[PDB]
file data_11.txt (compact mmCIF, C-alpha atoms and all ligand atoms)
# COMPACT_ATOMS: atom_id res chain seq x y z
CA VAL A 3 19.93 4.61 -21.21
CA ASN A 4 18.82 5.32 -17.63
CA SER A 5 16.67 3.55 -15.02
CA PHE A 6 13.65 5.87 -15.10
CA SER A 7 10.60 3.70 -15.83
CA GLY A 8 7.13 4.33 -17.17
CA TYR A 9 7.50 8.04 -17.88
CA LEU A 10 5.34 9.56 -20.61
CA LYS A 11 7.42 11.41 -23.20
CA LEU A 12 6.50 15.09 -23.51
CA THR A 13 9.44 16.45 -25.54
CA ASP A 14 12.92 15.39 -26.58
CA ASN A 15 14.26 15.80 -23.03
CA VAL A 16 11.22 16.07 -20.71
CA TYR A 17 9.38 13.01 -19.35
CA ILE A 18 6.52 12.91 -16.84
CA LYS A 19 4.92 10.43 -14.43
CA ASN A 20 2.04 10.43 -11.92
CA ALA A 21 4.15 9.52 -8.91
CA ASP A 22 5.56 10.61 -5.57
CA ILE A 23 9.02 12.12 -6.08
CA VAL A 24 10.02 10.49 -2.77
CA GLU A 25 9.04 7.00 -3.93
CA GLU A 26 10.64 7.64 -7.32
CA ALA A 27 13.84 8.78 -5.63
CA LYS A 28 13.94 5.77 -3.29
CA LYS A 29 13.44 3.43 -6.25
CA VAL A 30 15.79 5.06 -8.76
CA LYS A 31 18.40 6.70 -6.50
CA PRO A 32 19.11 9.31 -9.19
CA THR A 33 22.23 11.43 -9.32
CA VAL A 34 20.14 14.57 -8.68
CA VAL A 35 16.73 15.00 -7.05
CA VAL A 36 15.34 18.56 -7.14
CA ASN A 37 13.73 20.03 -4.03
CA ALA A 38 11.11 22.78 -4.30
CA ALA A 39 12.74 24.88 -1.60
CA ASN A 40 12.30 28.28 -0.01
CA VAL A 41 15.16 30.75 0.54
CA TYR A 42 15.60 29.65 4.19
CA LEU A 43 15.74 25.93 3.34
CA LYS A 44 12.95 25.37 5.88
CA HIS A 45 11.50 22.06 4.70
CA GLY A 46 8.09 22.07 6.33
CA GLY A 47 5.56 20.88 3.80
CA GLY A 48 5.04 20.04 0.16
CA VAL A 49 7.88 18.35 -1.70
CA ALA A 50 10.42 19.81 0.74
CA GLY A 51 8.72 18.45 3.85
CA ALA A 52 8.18 15.15 2.05
CA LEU A 53 11.81 14.75 0.98
CA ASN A 54 13.06 15.88 4.37
CA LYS A 55 10.75 13.47 6.24
CA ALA A 56 12.09 10.65 4.06
CA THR A 57 15.64 11.56 5.18
CA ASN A 58 14.64 11.34 8.85
CA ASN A 59 15.30 15.12 9.14
CA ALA A 60 18.94 14.81 7.98
CA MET A 61 18.15 17.13 5.07
CA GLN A 62 16.97 19.82 7.52
CA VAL A 63 20.04 19.41 9.78
CA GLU A 64 22.37 19.81 6.79
CA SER A 65 20.31 22.74 5.49
CA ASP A 66 20.44 24.60 8.80
CA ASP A 67 24.23 24.43 8.77
CA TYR A 68 24.26 25.63 5.13
CA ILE A 69 22.13 28.68 6.02
CA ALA A 70 24.16 29.45 9.15
CA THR A 71 27.29 29.62 6.97
CA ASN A 72 25.97 31.16 3.75
CA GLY A 73 22.71 32.97 4.47
CA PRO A 74 19.49 32.57 2.50
CA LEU A 75 19.26 31.66 -1.16
CA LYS A 76 17.87 34.05 -3.77
CA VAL A 77 14.42 33.53 -5.25
CA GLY A 78 15.30 31.88 -8.56
CA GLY A 79 18.52 30.50 -7.07
CA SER A 80 19.73 27.10 -5.93
CA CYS A 81 22.33 25.17 -4.01
CA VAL A 82 23.65 21.61 -4.25
CA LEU A 83 23.56 19.59 -1.02
CA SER A 84 23.54 15.89 -0.20
CA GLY A 85 20.81 13.60 -1.48
CA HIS A 86 21.02 11.53 1.74
CA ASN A 87 19.23 8.18 1.27
CA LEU A 88 17.26 9.43 -1.75
CA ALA A 89 19.85 10.45 -4.36
CA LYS A 90 23.51 11.32 -4.69
CA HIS A 91 22.76 15.06 -4.57
CA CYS A 92 19.77 17.28 -3.89
CA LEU A 93 19.49 20.47 -5.95
CA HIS A 94 17.44 22.84 -3.77
CA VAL A 95 15.77 25.28 -6.19
CA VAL A 96 13.71 28.29 -5.12
CA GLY A 97 10.85 29.15 -7.44
CA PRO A 98 8.95 32.39 -6.85
CA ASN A 99 6.10 32.35 -4.33
CA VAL A 100 3.41 34.14 -6.31
CA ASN A 101 1.07 34.04 -3.31
CA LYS A 102 3.79 36.22 -1.70
CA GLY A 103 3.92 38.70 -4.59
CA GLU A 104 7.18 37.34 -6.01
CA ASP A 105 7.80 37.85 -9.72
CA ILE A 106 6.54 34.99 -11.90
CA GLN A 107 9.33 35.79 -14.37
CA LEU A 108 11.69 34.36 -11.75
CA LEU A 109 10.32 30.91 -12.58
CA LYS A 110 12.47 30.85 -15.71
CA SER A 111 15.55 31.76 -13.66
CA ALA A 112 14.72 28.94 -11.25
CA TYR A 113 14.51 26.36 -14.07
CA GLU A 114 17.84 27.56 -15.51
CA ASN A 115 19.53 25.92 -12.52
CA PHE A 116 18.53 22.54 -13.97
CA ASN A 117 20.84 23.12 -16.94
CA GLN A 118 23.89 22.60 -14.72
CA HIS A 119 22.98 18.89 -14.38
CA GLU A 120 22.80 16.32 -17.17
CA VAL A 121 19.88 14.35 -15.67
CA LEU A 122 17.44 15.27 -12.90
CA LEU A 123 14.37 13.91 -11.12
CA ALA A 124 12.22 16.94 -10.32
CA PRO A 125 8.81 18.26 -9.31
CA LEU A 126 7.07 21.19 -10.96
CA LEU A 127 8.48 24.39 -9.46
CA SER A 128 6.32 27.09 -7.84
CA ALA A 129 3.26 24.85 -7.59
CA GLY A 130 1.51 24.06 -4.32
CA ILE A 131 1.66 26.69 -1.59
CA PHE A 132 3.69 28.88 -3.95
CA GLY A 133 0.53 29.07 -6.03
CA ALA A 134 1.68 29.08 -9.66
CA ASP A 135 -0.50 27.45 -12.29
CA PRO A 136 0.97 23.96 -12.95
CA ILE A 137 0.41 24.21 -16.71
CA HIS A 138 2.44 27.41 -16.75
CA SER A 139 5.20 25.81 -14.68
CA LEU A 140 5.35 22.80 -17.01
CA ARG A 141 5.53 25.11 -20.04
CA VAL A 142 8.35 27.23 -18.58
CA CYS A 143 10.25 24.00 -17.88
CA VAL A 144 9.98 22.75 -21.47
CA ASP A 145 11.08 26.13 -22.84
CA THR A 146 14.02 26.57 -20.43
CA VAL A 147 15.56 23.23 -19.45
CA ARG A 148 17.81 21.64 -22.08
CA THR A 149 19.15 18.77 -19.96
CA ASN A 150 17.19 15.56 -19.33
CA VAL A 151 14.45 16.16 -16.78
CA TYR A 152 12.10 13.52 -15.35
CA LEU A 153 9.04 15.11 -13.70
CA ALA A 154 7.06 13.48 -10.88
CA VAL A 155 3.56 14.92 -10.40
CA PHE A 156 1.86 13.64 -7.23
CA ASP A 157 -1.74 14.62 -8.05
CA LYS A 158 -3.58 12.20 -10.31
CA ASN A 159 -6.19 14.63 -11.62
CA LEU A 160 -3.51 17.26 -12.19
CA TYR A 161 -1.25 14.79 -14.00
CA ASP A 162 -4.15 13.70 -16.20
CA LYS A 163 -4.84 17.31 -17.19
CA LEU A 164 -1.15 18.08 -17.73
CA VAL A 165 -0.74 15.19 -20.20
CA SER A 166 -3.79 16.30 -22.22
CA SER A 167 -2.79 19.97 -22.62
CA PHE A 168 -0.61 21.64 -25.21
CA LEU A 169 2.86 22.85 -24.29
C1 LIG B 201 3.84 16.88 -1.48
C2 LIG B 201 4.53 15.91 -2.32
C3 LIG B 201 5.08 14.74 -1.82
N1 LIG B 201 5.67 14.02 -2.84
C4 LIG B 201 5.51 14.72 -4.01
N2 LIG B 201 5.97 14.30 -5.22
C5 LIG B 201 5.68 15.16 -6.20
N3 LIG B 201 5.02 16.33 -6.11
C6 LIG B 201 4.57 16.71 -4.88
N4 LIG B 201 3.88 17.92 -4.79
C7 LIG B 201 3.72 18.82 -5.91
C8 LIG B 201 2.71 18.42 -7.06
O1 LIG B 201 3.36 17.46 -7.87
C9 LIG B 201 2.37 19.65 -7.92
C10 LIG B 201 1.43 20.63 -7.26
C11 LIG B 201 0.14 20.01 -6.73
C12 LIG B 201 -0.69 21.04 -5.97
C13 LIG B 201 0.48 18.81 -5.84
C14 LIG B 201 1.41 17.81 -6.51
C15 LIG B 201 4.80 15.92 -3.74
call {"tool": "encode", "arguments": {"input": "data_11.txt", "output": "structure tokens"}}
result
Amino acid sequence: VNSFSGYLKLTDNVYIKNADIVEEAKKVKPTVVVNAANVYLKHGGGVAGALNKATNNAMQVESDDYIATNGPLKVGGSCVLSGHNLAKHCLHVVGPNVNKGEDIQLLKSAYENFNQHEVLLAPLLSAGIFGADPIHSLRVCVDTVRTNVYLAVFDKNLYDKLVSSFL
């Protein structure tokens, strides 16, 4: 039993809610919140800018030190950093940017990172400025993640369509 509330059950391990991941993180303080990051951990907009703004830029400060030491992530890769005031940890996961020509097949690799964590609060990867079809992203998630994932979708009309489609 966990403290995630009001999520619609999609599969055995995937639950979904029309909500802001920031507000869900502040309320639940999960062990792991997933960030939809880029390889440089530059958290400007989307989920990344939203999470970072909620940390008063501490996420960005920590991220800049991470990159200075380790260099950029791989597309499809991830790193574990602090969750600051939002969660214990933040798993920064890089989905492919299909508006940049990056390989959509890398979306499955990106979701594989979730399997290293028993429970996660996450957004759909590669949506938004990265341009992937949300229904596709949701389907890859269901077919790849085996741990317990709670999805927060912050677009009402998109959420409504996602919960009326097949997976
Ligand atoms: C920006 C933001 C802030 N807080 C959030 N919580 C969840 N998702 C978010 N953006 C991605 C999406 O869920 C999926 C793609 C769609 C185009 C927009 C909604 C955000």
call {"tool": "residues_around", "arguments": {"input": "data_11.txt", "residues": "residue 142 of chain A", "least_positions_apart": "5", "cutoff": "12 Å", "atoms": "only C-alpha atoms", "output": "PDB file with C-alpha atoms, keeping the file's coordinate frame"}}
result
ATOM      1  CA  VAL A  16      11.220  16.070 -20.710  1.00  0.00           C
ATOM      2  CA  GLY A  97      10.850  29.150  -7.440  1.00  0.00           C
ATOM      3  CA  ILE A 106       6.540  34.990 -11.900  1.00  0.00           C
ATOM      4  CA  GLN A 107       9.330  35.790 -14.370  1.00  0.00           C
ATOM      5  CA  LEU A 108      11.690  34.360 -11.750  1.00  0.00           C
ATOM      6  CA  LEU A 109      10.320  30.910 -12.580  1.00  0.00           C
ATOM      7  CA  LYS A 110      12.470  30.850 -15.710  1.00  0.00           C
ATOM      8  CA  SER A 111      15.550  31.760 -13.660  1.00  0.00           C
ATOM      9  CA  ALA A 112      14.720  28.940 -11.250  1.00  0.00           C
ATOM     10  CA  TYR A 113      14.510  26.360 -14.070  1.00  0.00           C
ATOM     11  CA  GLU A 114      17.840  27.560 -15.510  1.00  0.00           C
ATOM     12  CA  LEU A 126       7.070  21.190 -10.960  1.00  0.00           C
ATOM     13  CA  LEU A 127       8.480  24.390  -9.460  1.00  0.00           C
ATOM     14  CA  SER A 128       6.320  27.090  -7.840  1.00  0.00           C
ATOM     15  CA  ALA A 134       1.680  29.080  -9.660  1.00  0.00           C
ATOM     16  CA  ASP A 135      -0.500  27.450 -12.290  1.00  0.00           C
ATOM     17  CA  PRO A 136       0.970  23.960 -12.950  1.00  0.00           C
ATOM     18  CA  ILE A 137       0.410  24.210 -16.710  1.00  0.00           C
ATOM     19  CA  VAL A 147      15.560  23.230 -19.450  1.00  0.00           C
ATOM     20  CA  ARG A 148      17.810  21.640 -22.080  1.00  0.00           C
ATOM     21  CA  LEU A 169       2.860  22.850 -24.290  1.00  0.00           C
TER      22      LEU A 169
END
call {"tool": "residues_near_ligand", "arguments": {"input": "data_11.txt", "ligand": "ligand LIG 201 (chain B)", "cutoff": "6 Å", "atoms": "all atoms listed in the file", "output": "PyMOL selection string"}}
result
chain A and resi 22-24+48-49+52+125-126+129-130+154-157
call {"tool": "write_last_selection", "arguments": {"input": "data_11.txt", "atoms": "C-alpha atoms", "output": "mmCIF file, in the frame of the given file"}}
result
data_model
loop_
_atom_site.group_PDB
_atom_site.id
_atom_site.type_symbol
_atom_site.label_atom_id
_atom_site.label_comp_id
_atom_site.auth_asym_id
_atom_site.auth_seq_id
_atom_site.Cartn_x
_atom_site.Cartn_y
_atom_site.Cartn_z
ATOM 1 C CA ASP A 22 5.560 10.610 -5.570
ATOM 2 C CA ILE A 23 9.020 12.120 -6.080
ATOM 3 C CA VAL A 24 10.020 10.490 -2.770
ATOM 4 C CA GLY A 48 5.040 20.040 0.160
ATOM 5 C CA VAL A 49 7.880 18.350 -1.700
ATOM 6 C CA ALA A 52 8.180 15.150 2.050
ATOM 7 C CA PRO A 125 8.810 18.260 -9.310
ATOM 8 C CA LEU A 126 7.070 21.190 -10.960
ATOM 9 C CA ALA A 129 3.260 24.850 -7.590
ATOM 10 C CA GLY A 130 1.510 24.060 -4.320
ATOM 11 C CA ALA A 154 7.060 13.480 -10.880
ATOM 12 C CA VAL A 155 3.560 14.920 -10.400
ATOM 13 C CA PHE A 156 1.860 13.640 -7.230
ATOM 14 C CA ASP A 157 -1.740 14.620 -8.050
#
call {"tool": "atom_distance", "arguments": {"input": "data_11.txt", "atom1": "atom CA of residue 168 of chain A", "atom2": "atom CA of residue 152 of chain A"}}
result
18.0 Å
call {"tool": "closest_residue", "arguments": {"input": "data_11.txt", "among": "A:164, A:50, A:43, A:56", "to": "residue 80 of chain A", "atoms": "only C-alpha atoms"}}
result
A:43
call {"tool": "residues_around", "arguments": {"input": "data_11.txt", "residues": "residue 153 of chain A", "least_positions_apart": "3", "cutoff": "10 Å", "atoms": "only C-alpha atoms", "output": "PyMOL selection string"}}
result
chain A and resi 9-10+16-23+26+36+122-126+140+143+150+156
call {"tool": "axis_aligned_box", "arguments": {"input": "data_11.txt", "around": "segment 3-16 of chain A", "padding_each_side": "6 Å", "output": "AutoDock Vina command-line options"}}
result
--center_x 12.6 --center_y 10.0 --center_z -20.8 --size_x 26.6 --size_y 24.9 --size_z 23.6
call {"tool": "atom_distance", "arguments": {"input": "data_11.txt", "atom1": "atom CA of residue 151 of chain A", "atom2": "atom CA of residue 95 of chain A"}}
result
14.0 Å
call {"tool": "closest_residue", "arguments": {"input": "data_11.txt", "among": "A:91, A:141, A:86, A:11", "to": "residue 34 of chain A", "atoms": "only C-alpha atoms"}}
result
A:91
call {"tool": "residues_around", "arguments": {"input": "data_11.txt", "residues": "residue 40 of chain A", "least_positions_apart": "5", "cutoff": "9 Å", "atoms": "all atoms listed in the file", "output": "number ranges by chain"}}
result
A: 45, 50, 74-77, 94-99
call {"tool": "closest_residue", "arguments": {"input": "data_11.txt", "among": "A:4, A:71, A:37, A:149", "to": "residue 84 of chain A", "atoms": "only C-alpha atoms"}}
result
A:37
call {"tool": "closest_residue", "arguments": {"input": "data_11.txt", "among": "A:6, A:54, A:115, A:92", "to": "residue 30 of chain A", "atoms": "all atoms listed in the file"}}
result
A:6
call {"tool": "atom_distance", "arguments": {"input": "data_11.txt", "atom1": "atom CA of residue 93 of chain A", "atom2": "atom CA of residue 166 of chain A"}}
result
28.7 Å
call {"tool": "closest_residue", "arguments": {"input": "data_11.txt", "among": "A:29, A:132, A:145, A:139", "to": "residue 103 of chain A", "atoms": "all atoms listed in the file"}}
result
A:132
call {"tool": "closest_residue", "arguments": {"input": "data_11.txt", "among": "A:13, A:167, A:65, A:118", "to": "residue 85 of chain A", "atoms": "only C-alpha atoms"}}
result
A:65
call {"tool": "residues_around", "arguments": {"input": "data_11.txt", "residues": "residue 31 of chain A", "least_positions_apart": "5", "cutoff": "8 Å", "atoms": "all atoms listed in the file", "output": "PyMOL selection string"}}
result
chain A and resi 26+87-90
